[PDB]
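Asker: In the authors' numbering, the protein residues as written are 3 to 361.
Handing you a structure now.
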Amino acid sequence: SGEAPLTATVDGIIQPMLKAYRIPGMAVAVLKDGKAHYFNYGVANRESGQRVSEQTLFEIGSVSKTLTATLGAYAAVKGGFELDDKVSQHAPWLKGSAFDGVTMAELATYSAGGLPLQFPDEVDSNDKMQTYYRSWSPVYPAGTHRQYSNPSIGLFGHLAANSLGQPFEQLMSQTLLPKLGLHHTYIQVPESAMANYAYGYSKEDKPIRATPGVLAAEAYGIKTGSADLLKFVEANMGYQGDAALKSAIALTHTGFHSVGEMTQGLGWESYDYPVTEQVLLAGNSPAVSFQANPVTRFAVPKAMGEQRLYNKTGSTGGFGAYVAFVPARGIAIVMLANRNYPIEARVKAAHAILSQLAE
Ligand SMILES: [Zn+2]
Ligand SMILES: [Zn+2]
Ligand SMILES: [Zn+2]
Ligand SMILES: [Zn+2]
């Protein structure tokens, strides 16, 4: 209590950043004291001049991994697979491959043994994708090294959905999103929503808007606005309803290993709260996100609890997203922009805003 108005705090941090990085538009949403607050900046489309709101659709890039993780956890709770199962128990076409020796949990948490950030360029169809995984030669023993990876969590989501007999997009759009109450969140934006879909703006300042690629849906393909994304965050701080979905959300807050001060869950990565700016920056730096690291192994997976900052970055060619929340204090920040601007800037701004929300 006794602070300046929330609008002043947020404007004071966000406006200078939008100028510094020439960000055309940003939707910011925060949770504090049990309610949502929206702060909308600039334009979703520079040409039309359409204003950003909390209903503007942005590409959230790898923030998608948190929804994919929730879907996968849901499928495990429903009995489709065990986190402990070997991957090839859920993909006949992988029997005999290195995936005989990797678990579903390892796939989800990027610890299979050196799967890279991106597929090679030749992986451009489903057949080429299957050949890729069948041919993969691990660099590290399973469960020992974390290397942030689209092929890894992408395969996890794909196989998790199929373990329930459903394609990923169907399970997400017909089961998970409706049960979460997310009705303006899409893998493929329907025509009725296209008017709300922001354009992204590239490094060379050109309008771009698409998330093509193999397993794009699973790895980085969600379009949503700040209001739906904040509602998903709210579900991560007290969902009630479908017992299976409640269990699934709890599993996303379970830690499987750590790298430094960061603990890897399913989708969400977390830190002991309060976390310093320096630690949050380091955990989201290329030293952690763009190379293999040996993990601190956990004897067992463990619930990380409420006194944590949970977060996820996401980017595409034209977009830059960040989400962070602290369940014990009922605070959260969502920042969706239509420029892929530096993760360090996202983290510094978010940390500064959360610090104010906690006081
Ligand atoms: Zn307010
Ligand atoms: Zn709906
Ligand atoms: Zn609507
Ligand atoms: Zn090593």
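Yeah, the Cβ is synthetic: ideal placement off N, Cα and C, and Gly gets one too.
1. Could you pull the DSSP bridge partners for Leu-338 from this structure?
2. Could you say which of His-255, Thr-315, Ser-228, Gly-227 lies nearest to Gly-240 if we only look at CA atoms?
3. With a cut-off of 8 Å on the beta carbons, I'd call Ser-64 and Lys-314 a contact; round off their distance for me.
4. Flag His-92 as yes when its Cβ comes closer than 7 Å to any non-hydrogen atom of ligand 3, and as no otherwise.
5. By DSSP, does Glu-236 sit in helix, in strand, or in coil?
6. Among the residues of its own chain, which have a CB less than 6 Å from the CB of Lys-34, if the five just before and after it don't count?
7. So, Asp-230 versus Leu-184, is the Cβ gap smaller than 8 Å?
8. Contact between the region 277-295 and the region 246-264 is defined here as three or more beta-carbon pairs at a separation below 8 Å; is this criterion met?
9. Taking all protein chains shown into account, do 16 or more other C-beta atoms lie within 10 angstroms of the C-beta of residue 2, making it buried, or fewer, making it exposed?
10. With burial defined as no fewer than 16 other Cβ atoms inside 10 Å of the residue's Cβ, what is the status of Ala-289: buried or exposed?
11. Assign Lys-88 to one of three DSSP states: helix, strand, or coil.
12. I need the boundaries of the beta strand (DSSP E) containing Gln-358, first residue and last residue.
13. Smallest Cα separation from residue 440: which of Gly-74, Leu-217, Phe-292?
14. Compute the Euclidean distance between the alpha carbons of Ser-66 and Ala-10, then round it to the nearest angstrom.
15. So if DSSP puts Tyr-273 in a beta bridge, which residue, or which two residues, is it bridged to?
16. Using 8 Å as the threshold, is the C-beta distance between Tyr-273 and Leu-247 below it?
17. Report back the beta-carbon spacing between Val-104 and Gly-115 to the nearest angstrom; my notes put them in contact at under 8 Å.
18. Does the region 137-149 touch the region 202-209, meaning 3 or more C-beta pairs lie closer than 8 Å?
19. With DSSP run on the structure shown, which of helix, strand or coil describes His-255?
20. Are the CB atoms of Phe-170 and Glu-220 nearer to each other than 8 Å?
21. Taking the continuous beta strand (DSSP E) assigned at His-39, which residues delimit it?
22. Start and end of the alpha helix (DSSP H) containing residue 366?
23. What separation, rounded to the nearest whole angstrom, lies between the Cα atoms of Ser-357 and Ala-326?
24. Assign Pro-329 to one of two classes, buried (16 or more other C-beta atoms within 10 Å of its C-beta) or exposed (fewer than that).
25. Evaluate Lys-37 with the Cβ neighbour count: other Cβ atoms within 10 Å of its Cβ, from every protein chain shown; 16 or more gives buried, anything less gives exposed.
26. By the DSSP assignment, the alpha helix (DSSP H) with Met-19 in it spans what residues?
27. How about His-186: is its Cβ closer than 7 Å to a heavy atom in ligand 3?
28. Less than 8 Å between the CB atoms is what I'm expecting for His-186 and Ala-195, so what's the real figure, rounded?
29. At a cut-off of 7 Å, would you count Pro-180 as near ligand 2, judging by its Cβ distance to the nearest heavy atom?
Answerer: Checking against the coordinates, here is how it stands:
1. Beta-bridge partners assigned by DSSP to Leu-338: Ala-29, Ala-323.
2. Measuring from the Cα of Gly-240, the nearest candidate turns out to be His-255.
3. That pair is a contact at about 7 Å.
4. Distance from the C-beta of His-92 to the nearest heavy atom of ligand 3 is not below 7 Å.
5. Helix, per DSSP.
6. The residues are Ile-333, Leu-359.
7. Cβ atoms of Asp-230 and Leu-184: closer than 8 Å.
8. With contact defined as three or more Cβ pairs closer than 8 Å, the region 277-295 and the region 246-264 are in contact.
9. The question about residue 2 has no answer here: the residues shown for the chain are numbered 3 through 361.
10. The residue is exposed, with fewer than 16 neighbouring Cβ atoms inside 10 Å.
11. Three-state DSSP puts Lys-88 in a strand.
12. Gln-358 -> not in any beta strand (DSSP E); alpha helix (DSSP H) instead, spanning 345-359.
13. For residue 440 there is no data in the structure shown, the boundaries of the chain being 3 and 361.
14. Roughly 30 Å between the two C-alpha positions.
15. Paired residues: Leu-311.
16. Going by C-beta atoms, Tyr-273 is not nearer than 8 Å to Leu-247.
17. 7 Å between Cβ atoms; contact.
18. By the Cβ test, the region 202-209 is not in contact with the region 137-149, since fewer than three Cβ pairs between them sit closer than 8 Å.
19. It is coil, neither helix nor strand.
20. Yes.
21. That run of the beta strand (DSSP E) goes 37-44.
22. Here the chain covers residues 3 to 361 and nothing more, so residue 366 does not appear.
23. Rounded to the nearest angstrom, the gap between the Cα atoms of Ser-357 and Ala-326 is 12 Å.
24. It counts as buried.
25. Burial call: exposed.
26. DSSP places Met-19 in the uninterrupted alpha helix (DSSP H) bounded by 8-22.
27. Yes.
28. Rounded, the Cβ-Cβ distance is 7 Å, consistent with contact.
29. Taking the Cβ of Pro-180 as the reference point, at least one heavy atom of ligand 2 falls within a distance shorter than 7 Å.
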